[PDB]
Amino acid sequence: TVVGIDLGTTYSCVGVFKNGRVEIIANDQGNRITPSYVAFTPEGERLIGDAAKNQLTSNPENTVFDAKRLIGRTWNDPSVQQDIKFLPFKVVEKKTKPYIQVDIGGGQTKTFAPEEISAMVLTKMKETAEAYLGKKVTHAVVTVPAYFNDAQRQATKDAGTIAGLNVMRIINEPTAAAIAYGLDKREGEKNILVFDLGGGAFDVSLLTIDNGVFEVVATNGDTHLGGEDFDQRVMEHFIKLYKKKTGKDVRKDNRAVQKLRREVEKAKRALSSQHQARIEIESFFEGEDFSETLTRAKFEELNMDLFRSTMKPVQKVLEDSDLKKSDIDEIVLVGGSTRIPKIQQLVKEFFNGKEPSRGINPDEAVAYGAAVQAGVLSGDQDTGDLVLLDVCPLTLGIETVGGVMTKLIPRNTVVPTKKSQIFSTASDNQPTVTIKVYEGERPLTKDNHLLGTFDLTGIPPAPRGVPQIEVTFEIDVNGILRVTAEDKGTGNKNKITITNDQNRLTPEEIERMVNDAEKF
């Protein structure tokens, strides 16, 4: 049995399709969602989920969360460096990547890739399913944000592999939510706008849905905008307010900062139905108390630029799809941050008063869709006929003379897809040709994201411009790039091997990580 797993920034959820419906599976504490948290106690045990989250404020330095905000990123990514200020665990550079360093008891230290932390969360979700089903789970569909880049997708797949899962399919969050919405609808072709604002990432997708055929027409998002940022804006407001009023800087006392996080999260949720919320921390800093009242007005003001920025991807999607606001037949709100009244108001006002679709739990819609997809890919016959056409989120291009982004595969192209191009040499007997591939929509590569540098190696001695090497760029159904090369010269064909600077986790490295995880 293939399971569907929503691997979320703040929570994870696992479901299965059985006897013609989705079951969202409860964990050992009876909760249908599990916090995406891992902790290491001084006594040496590894805690996952609710038990890990519950000791955050007493053991903050060795409690890990928000790994999805770091996964597949490089060390000098501004979103990594900005998030470090709010995370209690040490983040250290290794392999040009942010690794997580913790104490595991007995004066001992261990360093983990974000992939490894997410693999521990996936392992717990797998075990939750295995307890319910009474048998081993080896295959899964796993969710990612629609706007995840190549590295973020591959790193999520690698987390699955470390957790002992054959990840059959990576599914984009809004597409999963669309399946939850539109499964078994036999209505005419409808244009559906999915507005997906979770704990860490924001996606907008426009889909056509017509009797089981789902097509993503356009997508745009922000992989570092979500509920965690709304908490962190309020946290920073109070850290600064405390220093102004007392002269004391609490930003290094991890217990203080994470007690503030706990209280802000509680207040934020309260402010979705109340207009005021009391923040109370007994023993905030140096044994002294902290009491403040947060109004809905103040919460909104502190975050208004972030809230208003969610309209930017909405307009980008309408422009790419060539649709007007009035062509949108349904608005599907998904992600727990869509519970914020101001977000609902901004979306409603953008679409001139149109109400969102009812009957959809924004916290569970993504997991529901992943479970359906898992059932379909298994070969189940009690699901509806599901046909999915999804897209690549980012234009792929190659750097050419003058730092120019020369487009190869445009954004919003249905995957899988491929493009080929012939390369040659600039100098006599040149043995290697380098190709830099970028992701993004700006005309200069310095303003886009480097996907990787690829070296065509083993080019046999020849005069300049004579070699003819056909390089193929294929984006698979998961949204991940593979680059291959073939010699198209006349006479003796030579093997052209490609090397890259992506620093993929190798099977050797994954095996080591599997063995390291079993020690807990």
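One-based numbering along the sequence shown.
Residue-level annotation: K493 lacks coordinates in a third or more of the other entries compared, counting only those that model residues on either side of it.
Comparing the deposited coordinates for 471 to 479 and 485 to 493, the stretch with the larger average C-alpha B-factor is 485 to 493.
Comparing the deposited coordinates for 1 to 9 and 510 to 518, the stretch with the larger average C-alpha B-factor is 510 to 518.
Among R339, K245, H224, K316, the highest C-alpha B-factor in the deposited entry belongs to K245. Going by the entry's values, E349 shows the largest Cα B-factor out of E349, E364, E173, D229.
In the deposited entry, the Cα temperature factor of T34 sits in the bottom third of values across the chain's modelled residues. In this PDB entry, the Cα temperature factor of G49 sits in the bottom third of its chain's modelled residues, the lowest group. Residue-level temperature factors show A26 in the middle third of its chain, judged at the C-alpha atom. Ranked within its chain, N166 lands in the middle third, by CA B factor from the PDB record. For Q154, the recorded CA B-factor ranks within the lowest third of the chain. Only modelled residues enter the ranking.
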